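Notes to accompany the following structure.
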Amino acid sequence: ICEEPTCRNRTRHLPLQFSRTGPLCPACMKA
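In structure tokens, the structure reads:
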């Protein structure tokens, strides 16, 4: 799944925060 202008986007999705690195998105376990 995860490449890193997508994770920067999920880092973004990181303020999609259930997670403070729980994981977003160099918290990412994706691809």
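Read in order, the letters of the sequence shown correspond to residues 1347 to 1377 in the UniProt record's numbering.
Here a beta-carbon is modelled for each residue, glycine too, at the ideal position from N, C-alpha and C.
Taking the CA atoms as reference points, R1358 sits about 18 Å from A1377.
The Cβ atoms of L1370 and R1356 lie closer than 7 Å to each other. In this structure, the CA atom of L1360 is about 7 Å from the CA atom of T1367. DSSP, reduced to helix, strand and coil, places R1366 outside both helices and strands of the structure shown, so it counts as coil.
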